[PDB]
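A.B. asks: Top line first, the protein sequences correspond to chains Y and E.
For what it's worth, full-length UniProt numbering labels the leading residue of the first sequence as 2, then goes sequentially.
For what it's worth, full-length UniProt numbering labels the leading residue of the second sequence as 2, then goes sequentially.
For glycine and all other residues, C-beta sits at the position ideal for the given N, C-alpha and C.
Structure provided below as structure tokens; questions to follow.
Protein chains: 2
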Amino acid sequence: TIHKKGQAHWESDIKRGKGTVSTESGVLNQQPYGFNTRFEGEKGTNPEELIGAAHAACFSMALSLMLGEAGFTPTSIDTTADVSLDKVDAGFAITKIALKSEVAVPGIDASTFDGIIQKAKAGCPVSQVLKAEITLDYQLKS
Amino acid sequence: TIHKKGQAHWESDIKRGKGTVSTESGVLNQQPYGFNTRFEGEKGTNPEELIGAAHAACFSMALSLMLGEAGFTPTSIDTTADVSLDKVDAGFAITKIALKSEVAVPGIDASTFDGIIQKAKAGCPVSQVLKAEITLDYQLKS
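Okay, here's the thing in structure tokens:
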């Protein structure tokens, strides 16, 4: 199995405390995060946008793979993942991720493409591991 | 409802194609990713380490909060999230996330702490949204 690691550091309480997040690749190295950026809308990284990025990335790559297996080559795939963090009795929960994608695949049938993209939406590794509602809105250029 | 966004871009097929990943905060901005970095172990970002970073960050924040609710203030929390991407019949799947955390909470009861940290491991938002097995290994300095 493939193992990849992420890390975080936290110090003090939630209001007066702060933290940082990193990844083994180094793309993220002690990047600041906290209550402000996660719940108060202050610009900065947080768990949600990171999961959104991971999801957009896994979905896009999966769409390319499946398209290839169908004998198609995508010119470009641009996916956005909107992660919803809602308030619930237990606190908060990631309830939905809205995927928005613009794909360009030369001469591919609209009906055939839809079948492939819906399979990617529900079949990629990240979608499969998430419990949140996953929606998909796309635009095909062929 | 809080909304956070992530995105990704991909061009060409899976072997000769390539992609990038970004987040709205900018911590990730068109950072390269591909088959190489995700499946061949080449150093670079990928969906798995991003989920790991997100999980480590959520879990550490959640632990601080709960300790606070118990009347405790953590001196420091350092968590690493090890994400497993396994090959399965249908393709691949994120089967497990192993959390390892080092926490310093002066004077807290060992048993008291264990109950709290276990509740955080199972109850934080990111743990809650994941279907993968989540394990916890920690070392408390008290």
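1. Could you tell me which of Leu29(Y), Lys97(Y), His56(Y) sits nearest to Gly45(Y), measuring between CA atoms?
2. Is DSSP giving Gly69(Y) helix, strand or coil here?
3. What is the rounded straight-line gap between the Cα of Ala57(E) and the Cα of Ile15(Y)?
4. I'd like to confirm the pairing. Which residues does DSSP put opposite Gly7(E) in its beta bridges?
5. Can you confirm whether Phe60(E), when its beta carbon is compared against all beta carbons of chain Y, has any partner nearer than 9 Å?
6. May I ask which residues mark the beginning and end of the beta strand (DSSP E) holding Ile98(Y)?
7. Relative to the C-alpha of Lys5(E), which candidate in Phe60(Y), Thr2(Y), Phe36(Y), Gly53(Y) has its C-alpha closest?
8. Applying a beta-carbon distance threshold of less than 8 Å, which residues of chain Y neighbour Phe40(E)?
9. Counting only beta-carbon separations shorter than 9 Å, does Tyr34(Y) have a partner in chain E?
10. Please state whether the Cβ-Cβ distance between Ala105(Y) and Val22(E) is less than 9 Å.
11. Roughly how many angstroms separate the alpha carbons of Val130(Y) and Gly124(E), rounded to a whole number?
12. By DSSP, does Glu49(Y) sit in helix, in strand, or in coil?
13. Three-state secondary structure (DSSP) at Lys16(E)?
14. Excluding five sequence neighbours on each side, which residues of the same chain lie with their C-beta closer than 7 Å to the C-beta of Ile78(Y)?
C.D. replies: Checking against the coordinates, here is how it stands:
1. Minimum Cα distance to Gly45(Y) is reached at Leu29(Y).
2. Note: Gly69(Y) maps to helix in three-state DSSP.
3. The straight-line gap from Cα to Cα measures roughly 15 Å.
4. Looking at the DSSP output, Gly7(E) shares a beta bridge with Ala82(Y), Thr24(E).
5. At least one C-beta of chain Y is nearer than 9 Å to the C-beta of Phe60(E).
6. Residues 92-105.
7. Nearest C-alpha to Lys5(E): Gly53(Y).
8. At a C-beta separation below 8 Å, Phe40(E) has these neighbours in chain Y: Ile3.
9. With a threshold of 9 Å between beta carbons, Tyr34(Y) makes contact with chain E.
10. In this structure, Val22(E) does not lie closer than 9 Å to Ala105(Y) by Cβ.
11. Cα to Cα, the separation comes out at about 17 Å.
12. In the structure shown, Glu49(Y) sits in a helix (DSSP, three-state: H, G or I).
13. In the structure shown, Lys16(E) sits in coil (DSSP, three-state: anything other than H, G, I, E or B).
14. Excluding sequence neighbours, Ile78(Y) sits near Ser61, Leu64, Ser65, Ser102, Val104.
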